[PDB]
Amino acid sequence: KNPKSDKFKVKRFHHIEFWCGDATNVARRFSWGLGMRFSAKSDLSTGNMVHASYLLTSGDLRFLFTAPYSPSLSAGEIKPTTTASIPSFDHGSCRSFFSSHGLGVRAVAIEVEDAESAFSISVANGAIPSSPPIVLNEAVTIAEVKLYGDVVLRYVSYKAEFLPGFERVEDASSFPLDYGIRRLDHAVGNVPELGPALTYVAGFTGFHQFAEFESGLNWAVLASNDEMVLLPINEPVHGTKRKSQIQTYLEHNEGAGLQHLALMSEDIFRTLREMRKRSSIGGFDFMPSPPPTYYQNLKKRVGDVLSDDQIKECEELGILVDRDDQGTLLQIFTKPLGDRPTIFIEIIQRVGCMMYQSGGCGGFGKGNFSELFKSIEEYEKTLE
């Protein structure tokens, strides 16, 4: 059931902006850990006296890292005279976000046909405005509305290189790292109440509930017309034996925010080999692999989709496999990206649903809760 009810033309995920305390160290860590190239910059060397902003890219995936300078550098400026390249940036807002949440995503940006129209229709339909539409060098239009917590949904539209005022980075400083990551598949938010969050966001976007298929959480996925922009939202479930992971997120994040980014790889095995080689030399750590029970039980579930050799490669890399009625999903999760048990990353690859591949092919891993529990119980048995 896809009603195609988008209230404005949405194209694709455009970028993810992290608000940092020091953008340089986060961007260099992410570049090496994920194999993303330094591609654009806006900072003191480009005339930006307000914020330091560094763009990493892998395929179509764009990660932006931004941190404020001393406000004293731009004290003479006013918004009309600003040297910031992102006019929605605010020293106070950024310092407050980072002190409240630690390292985290500030903007989920989507490209649309007309950012000014997307903003107006959204706000007309209940969206809480964050930054009004602003035209940059008569070329790009940027606008922001609240999504959940302190995360904004950012609309970008081009009349026709990232943003005006950004410079492509020098060749020597731009090493062509690539571990196979190609685009952002989905971006997941954690909220205290799922119902009102769903009603708010679906209310101003016209996004529809994506069709899917007792421990932890409840969730639902909002989707654009072609289901290429996908936004799952989680809420905690209280009363369980094990403390809900969503609740722990909310406590350590000081409220709602973005929980994880799901990054599509064109070759998840090569991606994971490359990231795992760097886990202890400045990259990212991964969640503990499931027990070999899980991989023993993979044969009857996905034996028609993956060969026994490709299954064994899943076992040594710790990859999880799930399947719906239209496709199969390979996935794995990192440990938290920063000091707090909050934001993390998922690497995925989808197989099936070719027309191009349709969005969400394979779902989002819903059946992995039951299969993992069954695996831990059967592994204990296999141990005793």
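All residue numbers are counted from 1 along the displayed sequence.
The segment from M355 to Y356 is interrupted, since 4 to 9 residues of the deposited sequence in that interval carry no coordinates. Missing deposited residues between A160 and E161: 4 to 9, all without coordinates in the entry. Per the PDB record, of the two stretches 288 to 296 and 223 to 231, 288 to 296 carries the greater mean B-factor over its C-alpha atoms. Remark: stretch with higher mean C-alpha B factor among 42 to 50 and 25 to 33 is 42 to 50.
The residue among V108, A211, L73, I128 whose C-alpha atom has the highest B-factor in the PDB entry is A211. The PDB entry assigns the greatest CA B-factor among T205, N190, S93, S173 to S173. For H260, the recorded CA B-factor ranks within the lowest third of the chain. Only modelled residues enter the ranking. Sort the modelled residues of the chain by CA B factor and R350 lands in the middle third.
Annotation for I376: CA B-factor lies in the highest third of the chain's modelled residues.
In the deposited entry, the Cα temperature factor of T328 sits in the top third of values across the chain's modelled residues.
Per the PDB record, residue ranking by Cα B-factor puts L55 in the lowest third of the chain.
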